[PDB]
Every structure is written in structure tokens, then in C-alpha cells.
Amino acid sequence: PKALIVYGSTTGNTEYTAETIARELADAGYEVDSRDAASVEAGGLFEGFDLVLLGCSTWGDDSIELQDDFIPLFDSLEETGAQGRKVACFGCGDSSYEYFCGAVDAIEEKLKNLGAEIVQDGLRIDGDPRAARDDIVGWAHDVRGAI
């Protein structure tokens, strides 16, 4: 099948995460398209894809603010072709903050409001994702078995 991976990454963590999940789907036969959210246009972005995975980090001094490159996509989520789409979300964060991986919850909530089909609960990585490689590959294997 074809999978789209769109990520907003500032420090390289979410990018590394996206890339580890990309390699696992490609190994299972998927044709994978991995894109930085800074370079995509929301209008019809998901058309033609069997599975869409969205990843983003959480920022903000008081509230949950999504990663800067992802904000425009989030704000135009209704024009992407999400209704009825198989999607799953991922993000890196730090459990010391009150809303750990709060960007995953905000994206999952909006996607459910748009009628997307959430295939698996969001992968939330605390600290260095390189330390959690195993959880990352494990979650990729689970989203694949479900669809």
C-alpha cells in the first residue's frame, strides 16, 4: 500500500522517529512518502494514501503549542482528505511538562472530529527517541497489523 508520513521536527527527535517508522513500513512492502511539514500544502495532501501518520512535538510556555512547521497543516486539516482515512499520530515530548505530548492529543482530537479512523493510540516518546527505538519499531508493527 502507500503511506504518507508528515512531521514537524525542531530538534531532530520527531524527524528520527518518523524515519524509523518509515523504514519499518518500507521493509513490510509499503511505498512510503516521508515529508517535513515545512514543505507540504494541506489542500488534498492525503489523497491517494492508504495510511497517513502525523508526528509533532509540543512547545508553549503556558498552553500546548504545536511545532511551528506543523501549525499551518493543523489549521487546514479539514482540506486534507481525512474523512474515512486510516491515520495514527506520534510525537516526542518530555514527561516533566504537564501536558506530555499534548500535540498528539490535539491532532488526534481534530482528526476524530474530521471523521478520520484512528488506527492505534498515539506513540508518545519521552526523552531521546534513540533510547526508545524498540517502542518505535513495536508501534509501527502494530499500526501495520491493524490495517
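Quick note: we count residues from 1 along the sequence shown, nothing fancier.
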Highest mean C-alpha temperature factor of the two stretches 55-63 and 42-50, which is it? 55-63
The stretch whose C-alpha atoms carry the larger average B-factor in the entry, 101-109 or 26-34, is 26-34
Taking the C-alpha B-factors as the PDB entry records them, is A88 in the lowest, middle or highest third of its chain? lowest
Per the entry's values, where does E15 land by CA temperature factor relative to the rest of its chain, in the lowest, middle or highest third? lowest
Divide the modelled residues of the chain into thirds by Cα B-factor and specify which third, lowest, middle or highest, holds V6. lowest
Taking the C-alpha B-factors as the PDB entry records them, is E79 in the lowest, middle or highest third of its chain? middle
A131: CA B-factor among chain residues, third -> highest
